[PDB]
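Read the structure below first, then the notes.
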Amino acid sequence: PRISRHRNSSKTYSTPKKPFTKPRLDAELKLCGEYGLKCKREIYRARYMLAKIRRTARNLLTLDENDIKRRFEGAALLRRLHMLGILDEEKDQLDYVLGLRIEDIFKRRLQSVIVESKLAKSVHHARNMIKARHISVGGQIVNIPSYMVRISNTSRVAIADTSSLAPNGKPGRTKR
Amino acid sequence: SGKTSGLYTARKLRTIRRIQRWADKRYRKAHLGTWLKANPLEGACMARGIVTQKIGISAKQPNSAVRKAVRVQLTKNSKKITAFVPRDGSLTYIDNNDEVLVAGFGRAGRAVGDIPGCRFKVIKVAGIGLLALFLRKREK
Amino acid sequence: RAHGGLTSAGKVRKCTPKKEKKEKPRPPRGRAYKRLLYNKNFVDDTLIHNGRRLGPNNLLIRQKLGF
Amino acid sequence: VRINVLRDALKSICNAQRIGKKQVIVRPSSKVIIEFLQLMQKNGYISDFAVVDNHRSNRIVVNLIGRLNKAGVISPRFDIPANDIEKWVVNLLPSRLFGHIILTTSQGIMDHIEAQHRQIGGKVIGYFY
Amino acid sequence: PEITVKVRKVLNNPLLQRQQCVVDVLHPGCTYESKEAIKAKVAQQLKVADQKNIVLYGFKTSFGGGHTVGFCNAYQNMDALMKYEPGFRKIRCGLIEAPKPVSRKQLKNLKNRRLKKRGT
RNA sequence: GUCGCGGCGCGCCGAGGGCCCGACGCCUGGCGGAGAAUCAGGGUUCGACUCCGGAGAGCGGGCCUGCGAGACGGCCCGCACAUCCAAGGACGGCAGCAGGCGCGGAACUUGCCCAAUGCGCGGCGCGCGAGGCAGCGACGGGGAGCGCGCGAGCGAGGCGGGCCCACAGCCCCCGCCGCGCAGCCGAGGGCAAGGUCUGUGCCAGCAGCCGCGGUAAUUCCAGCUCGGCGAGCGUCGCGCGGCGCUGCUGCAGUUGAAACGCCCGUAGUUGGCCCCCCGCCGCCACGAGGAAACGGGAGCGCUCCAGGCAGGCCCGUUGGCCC
Numbered sequence: 001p002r003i004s005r006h007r008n009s010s011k012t013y014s015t016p017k018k019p020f021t022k023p024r025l026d027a028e029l030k031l032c033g034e035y036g037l038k039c040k041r042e043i044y045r046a047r048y049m050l051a052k053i054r055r056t057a058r059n060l061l062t063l064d065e066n067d068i069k070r071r072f073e074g075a076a077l078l079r080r081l082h083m084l085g086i087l088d089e090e091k092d093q094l095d096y097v098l099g100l101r102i103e104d105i106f107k108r109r110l111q112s113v114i115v116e117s118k119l120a121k122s123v124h125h126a127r128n129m130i131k132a133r134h135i136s137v138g139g140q141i142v143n144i145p146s147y148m149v150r151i152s153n154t155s156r157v158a159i160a161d162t163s164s165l166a167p168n169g170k171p172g173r174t175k176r
Numbered sequence: 177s178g179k180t181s182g183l184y185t186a187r188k189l190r191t192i193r194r195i196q197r198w199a200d201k202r203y204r205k206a207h208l209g210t211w212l213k214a215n216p217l218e219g220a221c222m223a224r225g226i227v228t229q230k231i232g233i234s235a236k237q238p239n240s241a242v243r244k245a246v247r248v249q250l251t252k253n254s255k256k257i258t259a260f261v262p263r264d265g266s267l268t269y270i271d272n273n274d275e276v277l278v279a280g281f282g283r284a285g286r287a288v289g290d291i292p293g294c295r296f297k298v299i300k301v302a303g304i305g306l307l308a309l310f311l312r313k314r315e316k
Numbered sequence: 317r318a319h320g321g322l323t324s325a326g327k328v329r330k331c332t333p334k335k336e337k338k339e340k341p342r343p344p345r346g347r348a349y350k351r352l353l354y355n356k357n358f359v360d361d362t363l364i365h366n367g368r369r370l371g372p373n374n375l376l377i378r379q380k381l382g383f
Numbered sequence: 384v385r386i387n388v389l390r391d392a393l394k395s396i397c398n399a400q401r402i403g404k405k406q407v408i409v410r411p412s413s414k415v416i417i418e419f420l421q422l423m424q425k426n427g428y429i430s431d432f433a434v435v436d437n438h439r440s441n442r443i444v445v446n447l448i449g450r451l452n453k454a455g456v457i458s459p460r461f462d463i464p465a466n467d468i469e470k471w472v473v474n475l476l477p478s479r480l481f482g483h484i485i486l487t488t489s490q491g492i493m494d495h496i497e498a499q500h501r502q503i504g505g506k507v508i509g510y511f512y
Numbered sequence: 513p514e515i516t517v518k519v520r521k522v523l524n525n526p527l528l529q530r531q532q533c534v535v536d537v538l539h540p541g542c543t544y545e546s547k548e549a550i551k552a553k554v555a556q557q558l559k560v561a562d563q564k565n566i567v568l569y570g571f572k573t574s575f576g577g578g579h580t581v582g583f584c585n586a587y588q589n590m591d592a593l594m595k596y597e598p599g600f601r602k603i604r605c606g607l608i609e610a611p612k613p614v615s616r617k618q619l620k621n622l623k624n625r626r627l628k629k630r631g632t
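Protein chains in written order, with the numbering used here: chain E, 1 to 176; chain S, 177 to 316; chain A, 317 to 383; chain D, 384 to 512; chain R, 513 to 632.
Spelled out as structure tokens, the structure:
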């Protein structure tokens, strides 16, 4: 039955309902500079992930506590959000998801951690350094900019041996 | 509105909805089934065909200039329908019978804007896009 | 009467003076273009905001910017 | 003719209260309109009531606390499962703080709040704002 | 700069005269050393002896550092080594040789051409 | 008579059947469902493609073989249309896979191929244009780049290695090297962005829309600039939302669109209080047993997801659970 064709596809990029609205438009460029996003499709990709994380909580809030569908899902909601760190582990609240920040998903993005930890010190520098394979999570080198790391293992972010950390001996064109 | 409301009245409401559904011009357009037979295009984005006599339709008001269009017989339904040419001076390329694709005017039936009595719009001539012919992007 | 019509063939369209693009290199597209936009339209003091926001295609930004 | 006694009573009580007349009359007493009135008195919207009794339909004289904002009926009764009780709270109740929809369940006739908490859903007799 | 081999776990098999295991290697940014250096490392770590009987098949280097996922098949019985492991890796291992056949459509062509008669 | 009940047939009788709650008839660019689309609810729309059942192999019939087919890469005839055909004959069937012709807006290799994934014959292996694999392929997705900075850094690639793979490929892994590289829509309003500068004379043309060009265009024709989106942008036809503009929720009908000129009237719809306890209705709670895929949704870092259900010293580790 064409077995290798069987698969699934996703729509992280969801465009908004009215495009040319000045406030939404201005914020886009403002956010684009803040976290150093190369494409504008990603901010909407973030909006889709944010909404799913917002609805689960609204439906969960309307359920009474300790209702099994509520209790298991609530602990689940907290577990994933606490791993992300956008929800402070201390908050520990199913209702605490509401009032969520898009900036916090952006903060979770590993590209952001590199700027904050002064590993590259700039978002523009951060993307370029990751492009040149210069930041490794737990040593697993990633060249895709949005590695997105859980906060539980944020302390394990590391630099790369090729030309940033303790040079392996490969300085780009300078080597030759 | 009187409205008939009772626990056992799913009959009045079912017939009424079915009969009063076909009152809208838009509903009847897609639900009578006349539109697929009636449209020159058989409900398609584009139709191939051969070009026939060119035409110079006077505009209405405010627009006050002749807009050159070409009448083409669509091969599939063997019917002759006119198609508005694209950008400035783009009709000179089109002369004798040549392969022409025609597309909707957005409205889907009504004539576009204020150029009266034209329902369809040409999109191609020969084997090259007619909006590239205008820009000399792709031309004979 | 002979107001015009099919005999007229884009007389203005062919009569536009032949023109070419002013010589210029390529500001790189992507976040670099986004950063150029982040500066051109955001922060950067009076460059985009002389007094109240002038406007991106404004005549006042022009000439001060250069052209 | 008169099919719904509660609509003629509800607008009887609501219209009277709108003029501010505490004492109101209802053309026929019904054991179901007794349920709505005593659940109104129980929630505190309406005050002490009485039925002067002939041997016929009977007339209901009710004194009011004057606080009733809105009352009404869904005609005829439409049955909702105890799963859907909350969709009907959204459409016919202003807020979930003062929500009360008169439901009918075989095990006693109560307002919406108590019923869903009891996991039983029947038919919505009338709205109580 | 090492071919250190994790050899993460082994599974015993008496039924198939083999002892399939999960192997892995540690490359600290070093080029994973082909399959032959790994093969020598795996056999010594296997403690079953005979480099040929153990087979390492289909190694995938994880992106960057070398931690190749894959399997080690300890086919100590030689006959099983010559038969049970997939034939394609058996020929590359050197257990047997591969000559030149046809499309097999020609095999079908032969079956079709002589099918018509009663013995040709 | 059939495996079999049967009007199924064949005799024999009696007058029945079914209907405005729409019979019978007619039409359908009518395969149904699991599903799919878009949406608060409430919906609406589509279901041919995975799977599940039903059919059918140009078209009608009949028949064999078998335990099962009216099989169609079984047969035999009628009907079309073929092919060889030496004139005496024969012999087809691709809505299987490629590939042509036809057709249209359009729709992949006359590839390789049984190693796997299942099924046939068979403990000492073979076939299966099923499938697997590659090719093609802006159907579509999911994730990068064209720098960052004042130095030096990579990823598209070239060559060899490794790896890989029925065989090759691909990501990957290594080195010498490294050749960073963009579009297509607009700029009067909705709808974001010049009354810049050039042609310009209600001419060409623009123009979803509303509107501009009648001699001094923010609206065209170009080069300026600049707004949006982006290796994808637009143009069409479509379904949904918009649209409570199809209204059950939830619409109008005194004048916008709209109460029969009037009254009786049969079905149809609707009938006040009222008999606590019984029995049926309907009715909810609520189980049993109800295939998945898919979706809601455990756990899980492919270099991160999109993905998938794997993984490791492991809940008898998984893949929970709601469908």
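By construction, the Cβ of each residue, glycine as well, lies at the ideal position given by its N, Cα and C atoms.
- Cβ contact annotation for A/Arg378 (same chain, cutoff 6 Å, sequence separation greater than five): none.
- When DSSP states are grouped into helix, strand and coil, S/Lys300 belongs to the strand group.
- Between D/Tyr510 and D/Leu475, the beta carbon gap of about 5 Å places them in contact (Cβ cut-off 8 Å).
- Of the candidates S/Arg247, S/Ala186, S/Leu183 and S/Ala223, S/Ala223 places its Cα closest to the Cα of S/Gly280.
- In the structure shown, D/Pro459 falls within a strand segment according to DSSP collapsed to helix, strand and coil.
- If you draw a straight line from the Cα of D/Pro477 to the Cα of D/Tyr512, it comes to about 7 Å.
- The beta-carbon distance between D/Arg410 and D/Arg442, rounded to whole angstroms, is 7 Å. This is short enough to meet the 8 Å contact definition.
- Between D/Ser413 and D/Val388, the C-beta spacing is below 7 Å.
- Contact of A/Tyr354 with chain E is assigned, a C-beta pair being separated by under 7 Å.
- In terms of CA proximity to A/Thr332, S/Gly265 leads the group S/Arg283, S/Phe296, S/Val301 and S/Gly265.
- Taking all protein chains shown into account, D/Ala392 has 16 or more neighbouring C-beta atoms within 10 Å of its C-beta and is therefore buried.
- Counting C-beta atoms within 10 angstroms of its own C-beta, E/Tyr35 has 16 or more neighbours from the protein chains shown and is therefore classed as buried.
- Taking 8 Å as the upper bound for CB-CB distance, R/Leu558 and R/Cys584 are in contact here, some 7 Å apart.
- Residue-level contact check: S/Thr268 touches chain A, since one or more beta carbons of chain A fall below 7 Å from its beta carbon.
- Taking a Cβ-Cβ cut-off of 7 Å, the neighbours of A/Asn357 in chain E comprise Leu29, given in sequence order.
- Chain S places no beta carbon closer than 7 Å to that of A/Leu370, leaving this residue out of the contacts.
- Identification of residues in the segment 123–142 of chain E having a C-beta nearer than 9 Å to some C-beta of chain A yields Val123, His124 and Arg127, given in sequence order.
- Pairwise C-beta distances place the segment 458–468 of chain D out of contact with the segment 420–433 of chain D, as fewer than three of them are shorter than 8 Å.
- Per DSSP, R/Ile566 is not a residue of any alpha helix (DSSP H); the beta strand (DSSP E) it occupies stretches across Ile566 to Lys572.
- Distance check between S/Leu217 and each of S/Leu250, S/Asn273 and S/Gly289 places S/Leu250 closest, using alpha-carbon atoms only.
- In the structure shown, the three-state DSSP call for D/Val409 is coil.
- Sequence-distant Cβ neighbours of E/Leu63 in its own chain, meaning closer than 6 Å and more than five residues away, are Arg70.
- Boundaries for A/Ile364: no alpha helix (DSSP H) harbours it, and the DSSP string shows neither H nor E there.
- By alpha-carbon distance to R/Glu548, the top candidate from R/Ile566, R/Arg630, R/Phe600 and R/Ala586 is R/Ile566.
- In the DSSP assignment, D/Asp494 forms a beta bridge with D/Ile485.
- Here E/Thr12 has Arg45 and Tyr48 as same chain residues with Cβ atoms under 6 Å from its own Cβ, once five neighbours each way along the sequence are excluded.
- Distance between E/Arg24 and E/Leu77, taken at the CA atoms: about 28 Å.
- In the pairwise beta carbon analysis, the segment 156–163 of chain E is classified as touching the segment 127–138 of chain E: at least three pairs are separated by under 8 Å.
- A residue is called buried when at least 16 other Cβ atoms come within 10 angstroms of its Cβ; R/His539 meets this threshold and is buried.
- Interface annotation, E/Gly74: not in contact with chain A, CB-CB separation never under 7 Å.
- Comparing C-alpha distances from E/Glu42 to each of E/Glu28, E/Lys121, E/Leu119 and E/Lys18 shows the shortest one belongs to E/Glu28.
- Here the C-alpha atom of S/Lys316 lies approximately 20 Å from the C-alpha atom of S/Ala245.
- A direct Cα-to-Cα measurement between S/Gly219 and S/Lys213 gives close to 9 Å.
- The C-alpha of D/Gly504 lies about 21 Å from the C-alpha of D/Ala454.
- At a beta-carbon threshold of 7 Å, the residues of chain E lying near A/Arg351 are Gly33 and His124, ordered along the chain.
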